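See below for the structure under consideration.
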Amino acid sequence: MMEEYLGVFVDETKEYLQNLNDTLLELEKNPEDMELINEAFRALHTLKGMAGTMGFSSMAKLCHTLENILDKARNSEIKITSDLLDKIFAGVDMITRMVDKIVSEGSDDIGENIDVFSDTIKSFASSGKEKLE
């Protein structure tokens with residue numbers, strides 16, 4: 001059978017999420033080393049792509065969201081305030097839940113809320129209270 005292509009595709013995404021949690025959980029203790037920010041901004045960028053080729057963009061958008069905070073972190077827009085990373089680790093949390101159901105059935109539909117979980121984090125950083133009247 002030629003199904004081992006997807007069996008290895010996930011075994012790599014899981015070993016990377018941890019490697020990406022070690023980077024993001026070490027990033028919290030070192031949210032400015034610029035190594036955990038690039039070690040994560042990358043894996044998440046690679047994890048997001050692997051989630052698009054799997055037909056699970058709902059879980060890939062989560063990989064792009066986290067990497068987005070790691071992007072502003074590398075773009076000088078945001079920094080790991082222990083909250084932008086908590087929601088990020090929260091995205092990797094659902095990404096795992098989808099992987100647990102995707103592995104149990106292959107569906108990334110966990111009633112998650114990307115546009116929301118991202119807007120929550122996207123608004124949790126760039127803010128402009130009181131603007132133009």
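Following the order of the structure tokens, chains are lettered A, B, ..., residues in each are numbered from 1, and ligands are numbered from 1.
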Excluding residue 113 of chain A and residues on its chain fewer than 5 positions from it, collect all residues at most 10 Å away from it, counting only C-alpha atoms, and give them as a PDB file with C-alpha atoms, in the first residue's frame.
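around-v8.pdb, freshly written:
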```pdb
ATOM      1  CA  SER A  58      -7.301  24.775   9.016  1.00  0.00           C
ATOM      2  CA  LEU A  62      -2.462  27.758  13.025  1.00  0.00           C
ATOM      3  CA  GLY A  91      -2.525  27.109  18.486  1.00  0.00           C
ATOM      4  CA  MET A  94      -5.287  22.562  18.811  1.00  0.00           C
ATOM      5  CA  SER A 118      -5.280  34.597  15.189  1.00  0.00           C
ATOM      6  CA  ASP A 119      -7.282  37.793  15.517  1.00  0.00           C
ATOM      7  CA  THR A 120      -7.074  37.302  19.264  1.00  0.00           C
TER       8      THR A 120
END
```
Quick one: residues within 7 Å of residue 41 of chain A, only C-alpha atoms, excluding same-chain residues fewer than 3 positions away - as a PyMOL selection string? chain A and resi 37-38+44-45+67+70-71
Within 12 Å of residue 42 of chain A using only C-alpha atoms, minus same-chain residues under 6 positions, as a ChimeraX atom specification: /A:16-17,19-20,23-24,34-36,48-49,63-64,66-71,74
Just the residues within 9 Å of residue 79 of chain A, please, counting only C-alpha atoms, with nothing from its chain fewer than 3 positions along; format it as number ranges by chain. A: 31-32, 69-70, 72-74, 76, 82, 84-85, 125
What's around residue 102 of chain A at 12 Å? Count only C-alpha atoms, leave out sequence neighbours fewer than 3 positions away in its own chain, and write the answer as a PyMOL selection string. chain A and resi 6-7+10+51+54-56+58-59+94-99+105-110
Please dump the current selection as a tab-separated table (two decimals), in the first residue's frame; keep C-alpha atoms.
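Final file, again.tsv:
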```tsv
chain	number	residue	atom	x	y	z
A	6	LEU	CA	1.01	10.38	5.11
A	7	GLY	CA	2.08	8.13	8.00
A	10	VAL	CA	2.69	13.30	10.56
A	51	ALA	CA	-0.32	21.15	6.90
A	54	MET	CA	-2.08	17.41	3.86
A	55	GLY	CA	-5.35	19.13	2.90
A	56	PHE	CA	-5.53	20.45	6.48
A	58	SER	CA	-7.30	24.78	9.02
A	59	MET	CA	-4.38	23.42	11.01
A	94	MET	CA	-5.29	22.56	18.81
A	95	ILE	CA	-2.88	21.68	16.00
A	96	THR	CA	-2.16	18.66	18.21
A	97	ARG	CA	-5.85	18.02	18.98
A	98	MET	CA	-6.52	18.06	15.22
A	99	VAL	CA	-3.54	15.73	14.80
A	105	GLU	CA	-9.93	9.89	11.60
A	106	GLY	CA	-7.95	12.35	9.45
A	107	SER	CA	-10.08	15.47	10.08
A	108	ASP	CA	-8.64	18.77	11.29
A	109	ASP	CA	-12.18	20.05	11.95
A	110	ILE	CA	-12.07	20.55	15.74
```
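For residue 116 of chain A, the list of residues within 12 Å, based on only C-alpha atoms and with local chain neighbours fewer than 6 positions off taken out, reads residues 61, 62, 65, 87, 91, 122, 123 and 124 of chain A.
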Okay, now the selection with C-alpha atoms, as a JSON list (two decimals), in the first residue's frame?
```json
[["chain", "number", "residue", "atom", "x", "y", "z"],
["A", 61, "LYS", "CA", -3.20, 28.50, 9.37],
["A", 62, "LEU", "CA", -2.46, 27.76, 13.03],
["A", 65, "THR", "CA", -0.34, 32.26, 13.04],
["A", 87, "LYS", "CA", -1.96, 31.72, 22.52],
["A", 91, "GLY", "CA", -2.53, 27.11, 18.49],
["A", 122, "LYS", "CA", -3.06, 39.56, 16.19],
["A", 123, "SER", "CA", -5.01, 42.05, 18.28],
["A", 124, "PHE", "CA", -3.11, 40.97, 21.38]]
```
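Here atom CA of residue 57 of chain A stands at a distance of 14.9 Å from atom CA of residue 101 of chain A.
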Report the distance between atom CA of residue 29 of chain A and atom CA of residue 81 of chain A in Å, rounded to one decimal place.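 The value is 10.6 Å.
When atom CA of residue 114 of chain A is paired with atom CA of residue 100 of chain A, their separation reads 17.7 Å.
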